[PDB]
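Structure record follows, encoded as structure tokens.
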Amino acid sequence: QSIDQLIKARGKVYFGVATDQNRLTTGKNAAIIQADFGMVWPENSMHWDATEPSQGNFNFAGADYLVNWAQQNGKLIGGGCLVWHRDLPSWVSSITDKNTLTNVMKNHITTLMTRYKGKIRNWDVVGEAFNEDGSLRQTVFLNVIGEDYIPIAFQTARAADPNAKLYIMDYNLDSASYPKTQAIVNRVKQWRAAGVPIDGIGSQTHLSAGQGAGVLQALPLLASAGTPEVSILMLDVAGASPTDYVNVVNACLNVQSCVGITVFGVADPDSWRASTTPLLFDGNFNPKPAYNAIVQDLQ
Ligand SMILES: O=[N+]([O-])c1ccc2nn[nH]c2c1
């Protein structure tokens, strides 16, 4: 049974998965995505290292493949993070002039978003912008541009594609008493009051065993920032306990503004932490107990 169809029947938008070209041509990933998932996200092909490895010169082959595949198969598409610090090409991190870096950041956002204008439901515009204590992470963008880089990024994105839902995303937002969770709420509320077009908060949910229960309190707290949408992104759970996965799904169901959930791959051996077997399909592409528990919970 399709968890995407079942979550749509409960009033949500999608159950999604991260993938890319070489996943779609190997294993059983294409067949499982066709049957069971409603949105695809690029595992790597839209990050800055993959798309603009030298200035103004864009690499679109991998991203184009994914977008085409999704359109041919009737799937929604999420757009990978436009502005973050992870694996940034060195040409970006060596810029020290505020005007130049602002122009570079705007060009990167506008070029990607324009290419797929109208085809992408939601873009992760800024990612991983917070330290664990809730202060802003001192990346090249913060150091050179200042804290206005976040408003500028969102305003530029809204102009490039008004159809898309624009998200800020971060990890370790899984507990309502952790400082980072309240800090992103505080800042998103302030940005929205200033008219910054942040449509969503995306929670990059990488859980250890037993941490699913806390999402039932953290996700409503994230929703108190007043964004139109929230989502659960990049989900994986060490051990893949049914209890943990069902708790995350029910957090989504309980929060009216939570539009959907995306899991961080199809089958355990293709996870970035495969030794924790944290996904919904095993190494033979069989649905694991957590998959069936989600099916029953949604019924
Ligand atoms: O939800 N996702 O699995 C996901 C995967 C890669 C991404 N890059 N940016 N946002 C992302 C979300």
Side-chain angles (χ1 to χ4, degrees), residues 1-4 6-7 10 12-19 23 27-29 32-33 36-41 43-44 78 81 124 127-128 132 167 169-178 180-181 184 201-223 230-255 258-299:
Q1 207 136 19
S2 163
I3 53 173
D4 181 75
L6 291 169
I7 210 180
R10 298 298 291 272
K12 303 305 194 175
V13 182
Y14 62 84
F15 219 118
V17 65
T19 197
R23 312 283 186 203
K28 296 185 183 187
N29 301 295
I32 289 167
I33 296 172
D36 297 323
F37 291 96
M39 177 173 282
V40 295
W41 292 79
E43 184 177 341
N44 295 106
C81 201
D124 292 337
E128 301 190 2
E132 298 311 302
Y167 278 64
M169 72 178 200
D170 221 320
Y171 64 91
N172 286 344
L173 311 178
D174 309 303
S175 169
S177 59
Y178 193 67
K180 198 178 192 184
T181 312
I184 194 165
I201 299 174
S203 187
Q204 302 163 243
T205 304
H206 295 305
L207 300 179
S208 299
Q211 298 189 328
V215 179
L216 291 160
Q217 295 86 39
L219 195 63
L221 183 60
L222 290 177
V230 300
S231 68
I232 296 169
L233 299 172
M234 297 180 194
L235 172 65
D236 49 32
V237 182
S241 168
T243 299
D244 281 315
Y245 264 106
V246 167
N247 279 337
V248 173
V249 169
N250 285 339
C252 163
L253 296 179
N254 290 344
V255 174
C258 186
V259 293
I261 300 166
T262 296
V263 288
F264 205 44
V266 174
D268 284 336
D270 296 324
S271 172
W272 73 313
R273 50 169 180 171
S275 69
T276 73
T277 60
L279 294 177
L280 296 173
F281 292 82
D282 68 18
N284 292 319
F285 292 99
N286 291 315
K288 292 164 67 178
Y291 188 95
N292 300 321
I294 293 173
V295 169
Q296 291 305 320
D297 183 67
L298 290 173
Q299 290 172 325

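Starting from 1, each residue takes its place in the sequence as its number.
With hydrogens and angles ignored, the 3.5 Å screen pairs a side-chain donor or acceptor of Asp244 with a backbone N or O of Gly212. Proximity of a side-chain donor or acceptor of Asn284 to a complementary backbone N or O of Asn286 within less than 3.5 Å is not detected. Within the 3.5 Å criterion, the main-chain N or O of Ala240 finds no donor-acceptor partner in the side chain of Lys288. Checking side-chain atoms of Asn250 against main-chain N and O of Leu253 turns up no donor-acceptor pair under 3.5 Å. With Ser271 contributing its side chain and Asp268 its backbone, the two residues share no donor-acceptor pair below 3.5 Å. Looking at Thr181, its side chain does come within 3.5 Å of a backbone N or O of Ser175 through a donor-acceptor pair. A donor-acceptor contact shorter than 3.5 Å is absent between the side chain of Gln204 and the backbone of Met234.
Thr205 places none of its side-chain heavy atoms less than 4.5 Å from the side chain of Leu233. Side-chain contact check for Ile294 versus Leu280: some heavy-atom pair is nearer than 4.5 Å. No side-chain heavy atom of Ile232 sits less than 4.5 Å from a side-chain heavy atom of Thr262. Between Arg273 and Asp236 the shortest side-chain heavy-atom distance falls below 4.5 Å. Put simply, the side chain of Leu6 reaches to within 4.5 Å of the side chain of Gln299, judged on heavy atoms.
Between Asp4 and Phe15, the shortest heavy-atom contact is OD1-N, 2.8 Å. Minimum interatomic distance between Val255 and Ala223 (heavy atoms only, all atoms of both residues): CG1-CB, 3.7 Å. Between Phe285 and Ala267, the closest heavy-atom pair is CE2-CB, 3.7 Å. In terms of heavy atoms, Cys252 sits closest to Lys12 at O-NZ, 3.0 Å. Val259 approaches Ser231 most closely through the heavy-atom pair CG2-CB, 4.5 Å. Between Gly202 and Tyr167, the shortest heavy-atom contact is N-CD2, 3.6 Å.
With rounding to the nearest 0.5 Å, the separation of NE2 in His206 from CD in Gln211 is 12.0 Å. Here OH of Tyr14 is found 12.5 Å from CD1 of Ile3. Values are rounded to the nearest 0.5 Å. One finds the CG atom of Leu219 at 5.0 Å from the SG atom of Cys258 (value rounded to the nearest 0.5 Å). Rounding to the nearest 0.5 angstrom, the gap separating the SG atom in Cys81 from the CD atom in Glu128 is 7.5 Å. Note that CG of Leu173 is 4.5 Å distant from OG of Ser203, once rounded to the nearest 0.5 Å. One distance of note links CG of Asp174 with CG of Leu207; it measures 5.0 Å at 0.5 Å rounding.
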Do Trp41 and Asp124 pass the side chain to side chain donor-acceptor pair (under 3.5 Å) test, and can you show the C-alpha distance, the side-chain angles, and the key distance before you say yes or no?
CA-CA 10 Å; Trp41 292 79; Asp124 292 337; over 6 Å; no
Assess whether side chain to side chain contact (heavy atoms under 4.5 Å, CB included) is satisfied between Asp282 and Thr277, documenting all intermediate values.
CA-CA 8 Å; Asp282 68 18; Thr277 60; over 6 Å; no
Please report the C-alpha distance between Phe281 and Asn29 in whole Å, then the side-chain angles of each, then the deciding distance to 0.1 Å, and finally whether the side chain to side chain contact (heavy atoms under 4.5 Å, CB included) criterion is met.
CA-CA 10 Å; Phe281 292 82; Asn29 301 295; over 6 Å; no
For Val263 and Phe37, run side chain to side chain contact (heavy atoms under 4.5 Å, CB included): C-alpha distance rounded to whole Å, both residues' side-chain angles, the deciding distance at 0.1 Å, then the answer.
CA-CA 10 Å; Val263 288; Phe37 291 96; 3.7 Å; yes
Step by step, work out the side chain to side chain contact (heavy atoms under 4.5 Å, CB included) result for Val266 and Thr19.
CA-CA 8 Å; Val266 174; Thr19 197; 5.8 Å; no
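Residues passing the side-chain contact (heavy atoms from CB on, under 4.5 Å) test with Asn247 are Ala213, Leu216, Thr243, sequence neighbours excluded. Residues that satisfy the side-chain hydrogen bond (donor to acceptor under 3.5 Å, both in side chains) test with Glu132, not counting sequence neighbours, are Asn172, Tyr178, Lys180.
In this pair, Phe264 and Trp272 present their aromatic rings perpendicular. The plane angle is above 60°, beyond the 30 to 60° band.
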